[PDB]
2 protein chains.
Amino acid sequence: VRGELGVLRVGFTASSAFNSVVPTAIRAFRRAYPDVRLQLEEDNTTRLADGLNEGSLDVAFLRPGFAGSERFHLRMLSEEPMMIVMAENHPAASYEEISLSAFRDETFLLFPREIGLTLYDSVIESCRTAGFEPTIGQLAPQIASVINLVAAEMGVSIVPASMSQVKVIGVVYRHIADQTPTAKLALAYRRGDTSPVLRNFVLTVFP
Amino acid sequence: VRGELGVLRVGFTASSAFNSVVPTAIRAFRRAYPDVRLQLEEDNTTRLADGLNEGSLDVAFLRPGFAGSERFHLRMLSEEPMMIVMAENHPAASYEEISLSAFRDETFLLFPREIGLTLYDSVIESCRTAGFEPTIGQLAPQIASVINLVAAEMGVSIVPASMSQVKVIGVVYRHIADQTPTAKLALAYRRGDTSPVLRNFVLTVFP
Ligand SMILES: C=C(CC(=O)O)C(=O)O
Ligand SMILES: C=C(CC(=O)O)C(=O)O
Ligand SMILES: [Cl-]
Ligand SMILES: [Cl-]
C-alpha cells in the first residue's frame, strides 16, 4: 500500500484543462488516493518541461515534441483536431466548408511561440500546408486570451477542438476541411523516478 | 501628437479577459494608436499590482481593493454579478431559484487565495452572508481550471457572470437569488506616471 500519502505536483497547460482527459484523470486519482495532496500548476509546455527537469513538478499534461523530450517519459493521452476560431461576422463564417486558403491574407492571432513551440509551429505548418505564410497580428498570453481578442475582430486563430467549449459571445468555431496536424496531449514524467505516488498516478491515468 | 510611439505593457487577469471591456479597450487602443506596441500579460491581481509597482507593467485590468491599492489610480470599468457554477447533474441544477444555503454542506472549488485576495474573500463573504462557512476542496490555478474540475463533479464554485461563456460540457451556470457582492474590474496605473502613451491609453478606455 505504498504511495498513498504525500504531495504530487501536477502541471497542465491552460488549454489542456478543457480537454476532458485532464479533469477525468485528476478526479480518478483523487478518488483512488484521497490522502495524496494534488498541488496543481497551470503553465505552458516550456515551463512544465522545465519544472519536471528541475523537480518542481512530478508529472505534467503537456504537448509532446519539445526539444529534449526524449529525456522524459511521454505517454499520449489525447489527440484532437484543430479548428478555426473567428468573429461571428467574419465573411468565412457563413461558408459551407472552411479551407485555410480563405485566410491567406487574414490576420492570425496567436500566443507567444516561446511558451509552446510545438503547438505554435503546428499552426504555422497548417497554413503552410494550405499554401501560405500567415500574417501574425497581436499576440495574447494564452489561447483563451486569443479567443477573447478574436471576439473583438482582431483576427482569426487555430485552436484545439476542445477550446470550442469557450463560447465567448461573438465568436464561432469551424472545422477545417484541409488536412491539419492534431493538437496533442501527453502525460510526462521523469525517467527513473521510481516514486510510488507518481507510479500510482500514472497507473490511474492509464488503467 | 505625443505618445503615438513606444511600448505599453498591459496586464489583465485570466478571467477578466472574458469581460467584454478588456477586448473592447484593447481593440479601441490598437485602432487609435496603431504604432504603439501592446505587450500583453495575463496574471492575477497580486502579480499585476506588483508589476505596476516595480514598473514591469504600465497599466492593468485588475480587481480593486487590494492592500496598498491607494498608491495607484483605480478607475472602475465593470461590475458584474457572480453566479454559481455546478455540474449539470448536481441536485440544485433543477431548482427554479438558487440560494447559497443549498450548498452549506457542499464542497466549493476555488483558486489559491494569495493570487487574488479580494475576489477569493468575496466568495467566502457570499457564503457567510448566506449563513455558512464554505468547505473548500481542491484548489485549481485559475477560474477556468476550477470550472473544468466542476465538470468532473469535484464541487461547485462562484464565478464572475462573464465566465458563463465558458461552456465546458457538463457544467451549468445559475444566478444567485441571494445578495452577493459584485465581481469588480478596474483599470489601474501608477500615480504621477505622466507618460503620454499611458495617458492616451487611459483616455481611450474612458472617452
Ligand atoms: C498555449 C499552449 C501551448 C503549450 O503550452 O504547449 C497551450 O495552452 O497548450
Ligand atoms: C482569479 C482571479 C482573481 C484575481 O486575479 O484578482 C481572476 O481571474 O480575476
Ligand atoms: Cl519510453
Ligand atoms: Cl484618484
# chains A, B, ... in the order shown; residues from 1 in each chain; ligands from 1
>>> select_by_dssp(residues="region 2-34 of chain A", states="helix (DSSP H, G or I)", output="PyMOL selection string")
chain A and resi 16-18+21-32
>>> write_last_selection(atoms="C-alpha atoms", output="mmCIF file, in the first residue's frame")
data_model
loop_
_atom_site.group_PDB
_atom_site.id
_atom_site.type_symbol
_atom_site.label_atom_id
_atom_site.label_comp_id
_atom_site.auth_asym_id
_atom_site.auth_seq_id
_atom_site.Cartn_x
_atom_site.Cartn_y
_atom_site.Cartn_z
ATOM 1 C CA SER A 16 -5.319 21.271 -21.825
ATOM 2 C CA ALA A 17 -7.673 21.676 -18.864
ATOM 3 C CA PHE A 18 -10.527 21.980 -21.405
ATOM 4 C CA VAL A 21 -8.732 13.793 -20.057
ATOM 5 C CA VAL A 22 -7.293 16.293 -17.561
ATOM 6 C CA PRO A 23 -10.293 16.612 -15.170
ATOM 7 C CA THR A 24 -11.084 12.915 -15.659
ATOM 8 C CA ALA A 25 -7.582 11.922 -14.572
ATOM 9 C CA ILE A 26 -7.458 14.338 -11.626
ATOM 10 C CA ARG A 27 -10.839 13.175 -10.315
ATOM 11 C CA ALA A 28 -9.944 9.496 -10.758
ATOM 12 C CA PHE A 29 -6.714 9.932 -8.802
ATOM 13 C CA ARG A 30 -8.357 11.917 -6.005
ATOM 14 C CA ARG A 31 -10.928 9.126 -5.594
ATOM 15 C CA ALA A 32 -8.385 6.287 -5.636
#
>>> residues_around(residues="residue 2 (chain A)", least_positions_apart="3", cutoff="9 Å", atoms="only C-alpha atoms", output="ChimeraX atom specification")
/A:5,196-197,200
>>> write_last_selection(atoms="N, CA and C atoms", output="mmCIF file, in the first residue's frame")
data_model
loop_
_atom_site.group_PDB
_atom_site.id
_atom_site.type_symbol
_atom_site.label_atom_id
_atom_site.label_comp_id
_atom_site.auth_asym_id
_atom_site.auth_seq_id
_atom_site.Cartn_x
_atom_site.Cartn_y
_atom_site.Cartn_z
ATOM 1 N N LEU A 5 0.324 8.339 0.576
ATOM 2 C CA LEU A 5 0.491 9.614 1.253
ATOM 3 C C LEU A 5 1.544 10.418 0.508
ATOM 4 N N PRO A 196 6.538 5.825 -5.595
ATOM 5 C CA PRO A 196 5.266 5.094 -5.673
ATOM 6 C C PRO A 196 4.061 5.997 -5.847
ATOM 7 N N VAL A 197 4.117 7.241 -5.368
ATOM 8 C CA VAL A 197 2.992 8.154 -5.573
ATOM 9 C C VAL A 197 2.837 8.457 -7.054
ATOM 10 N N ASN A 200 1.474 5.442 -8.835
ATOM 11 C CA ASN A 200 0.036 5.300 -8.615
ATOM 12 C C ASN A 200 -0.742 6.266 -9.492
#
>>> interface_residues(of="chain B", to="chain A", cutoff="8 Å", atoms="only C-alpha atoms", output="number ranges by chain")
B: 14, 17-18, 23-24, 27, 38-42, 138-142, 145, 148-149, 151-152, 154, 165-169
>>> select_by_dssp(residues="region 89-161 of chain A", states="strand (DSSP E or B)", output="ChimeraX atom specification")
/A:98,107-110,135-139,156-160
>>> residues_around(residues="region 47-63 of chain A", least_positions_apart="4", cutoff="8 Å", atoms="only C-alpha atoms", output="list in words")
residues 8, 9, 10, 11, 12, 13, 16, 22, 43, 115, 116, 118, 119, 183, 184, 185, 186, 187, 188, 189, 190 and 198 of chain A
>>> residues_near_ligand(ligand="ligand 4", cutoff="10 Å", atoms="only C-alpha atoms and all ligand atoms", output="MDAnalysis selection string")
chainID B and resid 70:75 191
>>> write_last_selection(atoms="C-alpha atoms", output="PDB file, in the first residue's frame")
ATOM      1  CA  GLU B  70      -4.499  53.651  -2.729  1.00  0.00           C
ATOM      2  CA  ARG B  71      -0.954  54.031  -4.106  1.00  0.00           C
ATOM      3  CA  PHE B  72      -2.387  53.635  -7.627  1.00  0.00           C
ATOM      4  CA  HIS B  73      -5.123  55.184  -9.705  1.00  0.00           C
ATOM      5  CA  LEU B  74      -8.051  52.767  -9.976  1.00  0.00           C
ATOM      6  CA  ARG B  75     -10.958  53.578 -12.288  1.00  0.00           C
ATOM      7  CA  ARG B 191       0.049  57.885  -9.630  1.00  0.00           C
TER       8      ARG B 191
END
>>> closest_residue(among="B:159, B:201, B:178, B:207", to="residue 80 (chain B)", atoms="only C-alpha atoms")
B:159
>>> atom_distance(atom1="CA of residue 91 (chain A)", atom2="CA of residue 120 (chain A)")
24.8 Å
>>> closest_residue(among="B:81, B:170, B:112, B:3", to="ligand 2", atoms="only C-alpha atoms and all ligand atoms")
B:112
>>> closest_residue(among="B:113, B:90, B:104, B:199", to="ligand 2", atoms="only C-alpha atoms and all ligand atoms")
B:113
